[PDB]
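Structure data follow from input_12.csv (CSV, C-alpha atoms and all ligand atoms):
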```csv
chain,number,residue,atom,x,y,z
A,1,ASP,CA,-20.7,-12.1,-16.1
A,2,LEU,CA,-19.4,-8.8,-14.7
A,3,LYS,CA,-21.0,-9.2,-11.2
A,4,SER,CA,-19.4,-12.6,-11.0
A,5,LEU,CA,-16.0,-11.1,-12.0
A,6,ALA,CA,-16.3,-8.5,-9.3
A,7,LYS,CA,-17.0,-11.3,-6.7
A,8,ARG,CA,-14.0,-13.3,-8.0
A,9,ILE,CA,-11.8,-10.2,-7.6
A,10,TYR,CA,-13.1,-9.6,-4.1
A,11,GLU,CA,-12.6,-13.2,-3.0
A,12,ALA,CA,-9.0,-13.2,-4.3
A,13,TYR,CA,-8.3,-10.1,-2.3
A,14,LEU,CA,-9.7,-11.7,0.9
A,15,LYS,CA,-7.6,-14.7,0.3
A,16,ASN,CA,-4.3,-13.0,-0.6
A,17,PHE,CA,-4.0,-10.0,1.7
A,18,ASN,CA,-3.3,-10.7,5.3
A,19,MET,CA,-5.0,-7.5,6.3
A,20,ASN,CA,-8.4,-6.3,5.0
A,21,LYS,CA,-10.6,-3.4,6.1
A,22,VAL,CA,-13.0,-5.5,8.2
A,23,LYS,CA,-10.2,-7.2,10.1
A,24,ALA,CA,-8.4,-3.8,10.6
A,25,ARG,CA,-11.6,-2.1,11.9
A,26,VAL,CA,-12.2,-4.9,14.4
A,27,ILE,CA,-8.7,-4.3,15.8
A,28,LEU,CA,-8.8,-0.5,15.5
A,29,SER,CA,-12.0,-0.4,17.5
A,30,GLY,CA,-10.5,-2.1,20.6
A,31,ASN,CA,-6.6,-11.9,22.4
A,32,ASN,CA,-3.3,-10.3,21.6
A,33,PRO,CA,-4.6,-6.7,21.2
A,34,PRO,CA,-2.2,-4.3,19.5
A,35,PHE,CA,0.6,-2.8,21.5
A,36,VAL,CA,0.4,1.0,21.4
A,37,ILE,CA,3.6,2.7,20.2
A,38,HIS,CA,3.4,6.4,21.1
A,39,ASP,CA,6.9,7.2,22.2
A,40,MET,CA,10.4,5.8,22.3
A,41,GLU,CA,9.8,3.7,25.4
A,42,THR,CA,6.8,2.0,23.9
A,43,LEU,CA,8.5,1.5,20.5
A,44,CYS,CA,11.4,-0.3,22.2
A,45,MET,CA,9.0,-2.4,24.3
A,46,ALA,CA,7.0,-3.4,21.2
A,47,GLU,CA,10.2,-4.2,19.3
A,48,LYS,CA,11.5,-6.5,22.0
A,49,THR,CA,8.3,-8.6,21.8
A,50,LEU,CA,7.4,-8.3,18.1
A,51,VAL,CA,10.7,-8.0,16.1
A,52,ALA,CA,13.1,-9.3,18.8
A,53,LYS,CA,15.9,-10.1,16.3
A,54,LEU,CA,16.1,-6.5,15.1
A,55,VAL,CA,17.0,-5.2,18.6
A,56,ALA,CA,19.1,-8.1,19.8
A,57,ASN,CA,22.4,-6.4,18.9
A,58,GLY,CA,23.0,-4.2,22.0
A,59,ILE,CA,25.0,-1.1,21.2
A,60,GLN,CA,25.1,-2.2,17.5
A,61,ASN,CA,21.3,-1.8,17.2
A,62,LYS,CA,20.5,0.8,14.6
A,63,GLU,CA,18.9,4.1,15.4
A,64,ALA,CA,15.1,4.0,16.1
A,65,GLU,CA,14.3,5.8,12.9
A,66,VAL,CA,16.2,3.3,10.9
A,67,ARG,CA,14.6,0.3,12.6
A,68,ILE,CA,11.2,1.8,11.9
A,69,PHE,CA,12.0,2.4,8.2
A,70,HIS,CA,13.3,-1.2,8.0
A,71,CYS,CA,10.0,-2.5,9.5
A,72,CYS,CA,8.0,-0.4,6.9
A,73,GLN,CA,10.1,-1.9,4.2
A,74,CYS,CA,9.4,-5.4,5.4
A,75,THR,CA,5.7,-4.6,5.2
A,76,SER,CA,6.1,-3.4,1.6
A,77,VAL,CA,8.0,-6.5,0.7
A,78,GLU,CA,5.3,-8.8,2.1
A,79,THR,CA,2.6,-6.7,0.3
A,80,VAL,CA,4.5,-7.1,-3.0
A,81,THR,CA,4.2,-10.9,-2.5
A,82,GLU,CA,0.5,-10.7,-1.8
A,83,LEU,CA,-0.1,-8.3,-4.7
A,84,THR,CA,1.8,-10.7,-7.1
A,85,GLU,CA,-0.5,-13.6,-6.2
A,86,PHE,CA,-3.7,-11.4,-6.3
A,87,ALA,CA,-2.8,-10.2,-9.8
A,88,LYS,CA,-3.5,-13.7,-11.1
A,89,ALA,CA,-7.2,-13.2,-10.5
A,90,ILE,CA,-7.4,-10.3,-12.9
A,91,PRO,CA,-8.8,-11.4,-16.3
A,92,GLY,CA,-6.0,-11.4,-18.8
A,93,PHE,CA,-3.1,-10.7,-16.4
A,94,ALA,CA,-1.7,-14.2,-16.4
A,95,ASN,CA,-2.0,-14.3,-20.2
A,96,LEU,CA,0.4,-11.4,-20.6
A,97,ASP,CA,4.0,-11.8,-21.4
A,98,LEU,CA,6.1,-12.4,-18.3
A,99,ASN,CA,8.0,-9.1,-18.8
A,100,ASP,CA,4.7,-7.1,-19.0
A,101,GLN,CA,3.5,-8.7,-15.8
A,102,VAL,CA,6.8,-7.6,-14.2
A,103,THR,CA,6.4,-4.0,-15.5
A,104,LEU,CA,2.8,-3.7,-14.3
A,105,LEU,CA,3.7,-4.9,-10.9
A,106,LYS,CA,6.8,-2.7,-10.7
A,107,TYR,CA,4.8,0.5,-11.2
A,108,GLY,CA,1.6,-0.6,-9.6
A,109,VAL,CA,2.8,-2.1,-6.3
A,110,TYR,CA,3.5,1.1,-4.4
A,111,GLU,CA,0.3,2.8,-5.6
A,112,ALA,CA,-1.6,-0.3,-4.3
A,113,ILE,CA,0.4,-0.3,-1.1
A,114,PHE,CA,-0.5,3.2,-0.3
A,115,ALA,CA,-4.1,2.7,-1.3
A,116,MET,CA,-4.4,-0.3,1.0
A,117,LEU,CA,-2.5,1.3,3.8
A,118,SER,CA,-5.5,3.6,4.2
A,119,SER,CA,-7.4,0.5,5.5
A,120,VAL,CA,-5.1,0.3,8.6
A,121,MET,CA,-4.9,4.1,9.2
A,122,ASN,CA,-7.1,6.4,11.2
A,123,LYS,CA,-6.4,10.0,12.0
A,124,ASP,CA,-4.4,9.0,15.1
A,125,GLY,CA,-2.2,6.2,13.8
A,126,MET,CA,-1.8,3.0,11.9
A,127,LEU,CA,-1.7,-0.8,12.5
A,128,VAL,CA,1.6,-2.5,12.0
A,129,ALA,CA,3.1,-6.0,12.5
A,130,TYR,CA,0.2,-8.1,11.3
A,131,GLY,CA,-2.2,-6.2,13.4
A,132,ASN,CA,-0.2,-6.5,16.7
A,133,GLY,CA,1.0,-2.9,16.9
A,134,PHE,CA,-0.6,0.5,16.6
A,135,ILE,CA,1.9,3.3,16.0
A,136,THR,CA,0.7,6.8,16.4
A,137,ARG,CA,0.7,9.4,13.7
A,138,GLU,CA,2.2,11.9,16.2
A,139,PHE,CA,5.1,9.6,17.1
A,140,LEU,CA,6.0,9.1,13.4
A,141,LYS,CA,5.9,12.9,13.0
A,142,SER,CA,8.3,13.3,15.9
A,143,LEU,CA,11.1,11.3,14.3
A,144,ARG,CA,14.2,13.1,13.2
A,145,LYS,CA,14.3,14.3,9.6
A,146,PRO,CA,14.0,12.8,7.0
A,147,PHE,CA,12.2,9.9,8.6
A,148,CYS,CA,9.3,12.0,10.0
A,149,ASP,CA,8.5,12.8,6.4
A,150,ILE,CA,7.8,9.3,5.2
A,151,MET,CA,4.3,8.4,6.5
A,152,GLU,CA,2.6,11.8,7.0
A,153,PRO,CA,1.7,12.2,3.3
A,154,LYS,CA,0.3,8.7,3.3
A,155,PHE,CA,-1.9,9.6,6.3
A,156,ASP,CA,-3.0,12.7,4.4
A,157,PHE,CA,-4.0,10.6,1.4
A,158,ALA,CA,-5.7,8.0,3.6
A,159,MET,CA,-7.9,10.3,5.5
A,160,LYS,CA,-9.6,11.6,2.4
A,161,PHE,CA,-9.6,8.1,0.8
A,162,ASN,CA,-11.3,6.7,3.9
A,163,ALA,CA,-13.9,9.4,3.8
A,164,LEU,CA,-15.2,7.8,0.6
A,165,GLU,CA,-16.3,4.9,2.8
A,166,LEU,CA,-15.2,2.1,0.4
A,167,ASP,CA,-15.4,-1.4,1.5
A,168,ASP,CA,-13.3,-4.4,0.7
A,169,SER,CA,-15.4,-5.3,-2.4
A,170,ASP,CA,-14.6,-1.8,-3.8
A,171,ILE,CA,-11.0,-1.7,-2.8
A,172,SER,CA,-10.2,-5.1,-4.4
A,173,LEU,CA,-11.4,-3.8,-7.8
A,174,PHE,CA,-9.6,-0.4,-7.3
A,175,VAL,CA,-6.3,-2.3,-6.6
A,176,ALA,CA,-6.9,-4.5,-9.7
A,177,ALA,CA,-7.4,-1.3,-11.7
A,178,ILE,CA,-4.2,0.2,-10.4
A,179,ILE,CA,-2.3,-2.9,-11.6
A,180,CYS,CA,-3.9,-2.6,-15.1
A,181,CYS,CA,-2.5,0.7,-16.3
A,182,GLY,CA,-1.6,0.6,-20.0
A,183,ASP,CA,0.6,3.8,-19.8
A,184,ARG,CA,3.3,2.3,-17.6
A,185,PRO,CA,6.8,2.9,-19.1
A,186,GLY,CA,8.2,0.1,-21.1
A,187,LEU,CA,5.2,-2.1,-21.8
A,188,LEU,CA,5.5,-4.5,-24.8
A,189,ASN,CA,1.8,-5.3,-25.6
A,190,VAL,CA,0.1,-2.0,-24.8
A,191,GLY,CA,-3.0,-2.9,-26.7
A,192,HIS,CA,-3.8,-6.0,-24.8
A,193,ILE,CA,-3.1,-4.3,-21.5
A,194,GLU,CA,-5.4,-1.4,-22.5
A,195,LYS,CA,-8.1,-4.0,-23.1
A,196,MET,CA,-7.4,-5.7,-19.8
A,197,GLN,CA,-7.6,-2.2,-18.2
A,198,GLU,CA,-10.9,-1.4,-19.9
A,199,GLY,CA,-12.4,-4.7,-18.7
A,200,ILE,CA,-11.5,-4.2,-15.1
A,201,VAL,CA,-12.4,-0.5,-15.0
A,202,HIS,CA,-15.8,-1.5,-16.5
A,203,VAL,CA,-16.3,-4.0,-13.6
A,204,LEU,CA,-15.2,-1.3,-11.2
A,205,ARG,CA,-17.6,1.3,-12.6
A,206,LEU,CA,-20.6,-1.1,-12.5
A,207,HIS,CA,-19.7,-2.3,-9.0
A,208,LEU,CA,-19.5,1.3,-7.6
A,209,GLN,CA,-22.8,2.2,-9.3
A,210,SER,CA,-24.4,-0.8,-7.4
A,211,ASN,CA,-22.6,-0.6,-4.1
A,212,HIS,CA,-22.6,3.2,-3.8
A,213,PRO,CA,-25.9,4.5,-5.2
A,214,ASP,CA,-25.6,7.6,-3.0
A,215,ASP,CA,-22.4,8.9,-4.7
A,216,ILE,CA,-22.9,9.4,-8.4
A,217,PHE,CA,-19.3,10.8,-8.8
A,218,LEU,CA,-17.6,8.0,-6.9
A,219,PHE,CA,-16.0,6.5,-10.1
A,220,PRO,CA,-14.4,9.7,-11.3
A,221,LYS,CA,-13.3,10.4,-7.6
A,222,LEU,CA,-11.4,7.1,-7.8
A,223,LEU,CA,-9.9,7.8,-11.1
A,224,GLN,CA,-8.5,11.0,-9.5
A,225,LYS,CA,-7.3,9.0,-6.5
A,226,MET,CA,-5.3,6.8,-8.9
A,227,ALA,CA,-3.6,9.9,-10.3
A,228,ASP,CA,-3.0,11.2,-6.8
A,229,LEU,CA,-1.4,7.8,-5.9
A,230,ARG,CA,1.0,8.0,-8.9
A,231,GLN,CA,2.1,11.4,-7.6
A,232,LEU,CA,2.4,10.1,-4.1
A,233,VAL,CA,4.7,7.3,-5.3
A,234,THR,CA,6.8,9.7,-7.4
A,235,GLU,CA,7.3,11.8,-4.3
A,236,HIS,CA,7.9,8.8,-2.1
A,237,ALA,CA,10.7,7.5,-4.5
A,238,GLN,CA,12.3,10.9,-4.3
A,239,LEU,CA,12.4,10.8,-0.5
A,240,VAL,CA,13.7,7.3,-0.5
A,241,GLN,CA,16.6,8.4,-2.8
A,242,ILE,CA,17.4,11.2,-0.3
A,243,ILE,CA,17.5,8.6,2.4
A,244,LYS,CA,19.7,6.3,0.3
A,245,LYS,CA,22.2,9.2,-0.3
A,246,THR,CA,22.3,10.6,3.2
A,247,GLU,CA,21.5,7.8,5.6
A,248,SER,CA,24.1,5.0,5.3
A,249,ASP,CA,22.5,2.7,8.0
A,250,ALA,CA,19.1,2.7,6.2
A,251,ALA,CA,19.6,-0.4,4.1
A,252,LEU,CA,17.1,-0.7,1.2
A,253,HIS,CA,15.8,-4.3,0.7
A,254,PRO,CA,17.0,-5.5,-2.7
A,255,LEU,CA,13.5,-6.3,-3.9
A,256,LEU,CA,12.4,-2.7,-3.2
A,257,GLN,CA,15.6,-1.3,-4.7
A,258,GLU,CA,14.8,-3.1,-8.0
A,259,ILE,CA,11.2,-1.7,-7.9
A,260,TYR,CA,12.6,1.8,-7.5
A,261,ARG,CA,15.3,1.3,-10.2
A,262,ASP,CA,14.5,3.3,-13.3
A,263,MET,CA,11.0,3.9,-12.1
A,264,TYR,CA,10.7,7.7,-12.2
B,1,LIG,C1,7.4,-3.7,16.7
B,1,LIG,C2,6.8,-3.1,15.5
B,1,LIG,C3,7.5,-1.8,15.3
B,1,LIG,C4,6.7,-0.9,14.4
B,1,LIG,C5,7.6,0.1,13.7
B,1,LIG,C6,6.8,0.9,12.7
B,1,LIG,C7,6.2,1.5,11.8
B,1,LIG,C8,5.5,2.3,10.7
B,1,LIG,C9,4.9,1.3,9.7
B,1,LIG,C10,4.3,0.6,8.9
B,1,LIG,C11,3.6,-0.3,8.0
B,1,LIG,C12,3.9,0.0,6.5
B,1,LIG,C13,4.1,0.1,5.4
B,1,LIG,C14,4.4,0.1,3.9
B,1,LIG,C15,5.3,1.3,3.6
B,1,LIG,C16,6.0,2.2,3.3
B,1,LIG,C17,6.9,3.4,2.9
B,1,LIG,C18,8.2,3.2,3.6
B,1,LIG,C19,8.9,1.8,3.3
B,1,LIG,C20,9.1,1.6,1.8
B,1,LIG,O1,9.6,2.5,1.1
B,1,LIG,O2,8.8,0.5,1.3
```
Spell out the structure here as structure tokens.
Amino acid sequence: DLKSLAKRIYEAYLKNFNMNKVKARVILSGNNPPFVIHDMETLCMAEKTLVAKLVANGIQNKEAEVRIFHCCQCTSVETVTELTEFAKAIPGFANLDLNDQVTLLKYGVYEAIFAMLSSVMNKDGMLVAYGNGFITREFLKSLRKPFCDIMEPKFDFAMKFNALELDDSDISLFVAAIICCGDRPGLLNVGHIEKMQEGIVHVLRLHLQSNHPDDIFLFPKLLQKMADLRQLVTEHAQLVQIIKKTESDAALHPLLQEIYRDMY
């Protein structure tokens, strides 16, 4: 039954996420290839084609850094939607109380977002806009503070995560395991969530043993990556709060504001 469950998780991940690691590698390796954004000129060209509405305001357009942060937030919002539908494939998740489903998604979504962002990152940049742009790591580092500090730690996480050479069948179960953490603040039925976690982690452990016979420590490596992601998200929320306090034009999407609210 456990091999079947791993396959059901994988198929739900292929169905629910617009981007997966195979589809990202096809693009990253060179009809509508991605537009390369490496400087302000190419950012502005890409925006005029790919997010025309955001730059249709003339002198009232926001600063480039704010537009970029807005685009990242739109990606997070879309990924929340995808993750919410994916979670239904996890045994036991849809049987939880509605409020526990909300709590698990609230704390898990950004950990999952940053885990999956690795699939669209290489050491030089990241795919954006449904695979139609590639923005360079150096260009993001060149932005004015604090905005140059947003993505770089996510690239740092991703380069080491990508060196584990996981595939989509692994990542789907890793994302399911992120969502099933029984220690999230405020859960009502911890016991049932712990059992749900145990089940998915069991599926993950057996799958990794099969799919990665060459790396006997891959399971504990991934347990550590889950802890690293929790710390990455805590730090990310702190930076977002700095932006909220000091950057009046950098409007936070209400869905994301709610996710952040009372989180850490
Ligand atoms: C025309 C396309 C222009 C591309 C502009 C760009 C770009 C860079 C990018 C990107 C994809 C992403 C993402 C998820 C995230 C995050 C953390 C921050 C948001 C949040 O706090 O939610």
Which residues are near ligand LIG 1 (chain B) - at most 7 Å, using all atoms listed in the file? Format: as an MDAnalysis selection string. chainID A and resid 43 46:47 50:51 68:69 71:73 75:76 113 117 127:129 133 135 150:151 240 256
Would you mind telling me which residue in A:78, A:262, A:228, A:63 lies nearest to residue A:153 when using all atoms listed in the file?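 Once distances to residue A:153 are computed over all atoms listed in the file, the minimum belongs to A:228.
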Which centre and edge lengths in Å to one decimal define the box along x, y and z that fits every listed atom of stretch 75-94 of chain A plus 5 Å per side, as JSON?
```
{"center_x": -0.4, "center_y": -8.8, "center_z": -6.8, "size_x": 26.8, "size_y": 20.8, "size_z": 34.0}
```
Residues near residue A:261, cut-off 10 Å, all atoms listed in the file, skip fewer than 4 positions along chain, as a VMD selection string: chain A and resid 106 237 256 to 257
Quick one: residues within 7 Å of residue A:170, all atoms listed in the file counted, chain neighbours fewer than 4 positions away excluded, as a list in words? residues 166, 174 and 208 of chain A
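The smallest atom-to-atom distance between residue A:144 and any of A:196, A:235, A:64, A:56, using all atoms listed in the file, is found for A:64.
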Pick from A:17, A:10, A:114, A:147 nearest to residue A:229, counting all atoms listed in the file: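 Looking only at the distances to residue A:229, the closest residue turns out to be A:114.
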Using only C-alpha atoms, which protein or nucleic acid residues come within 8 Å of residue A:203? Drop anything in the same chain fewer than 4 positions from it, and give the result as number ranges by chain. A: 2-3, 5-6, 173, 199, 207
With all atoms listed in the file as the counted atoms, please give the residues lying no more than 10 Å from stretch 20-22 of chain A, apart from itself and same-chain residues fewer than 5 positions off, as number ranges by chain. A: 13-15, 27-28, 116-121, 166-169, 171-172
Find the residue from A:99, A:234, A:247, A:175 that sits nearest to residue A:197; use all atoms listed in the file when measuring. A:175
Using all atoms listed in the file, which residue out of A:248, A:95, A:18, A:29 lies closest to residue A:130?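 Of all the options, A:18 lies closest to residue A:130.
Taking atom CA of residue A:143 and atom CA of residue A:61 as the two end points, the separation is 16.9 Å.
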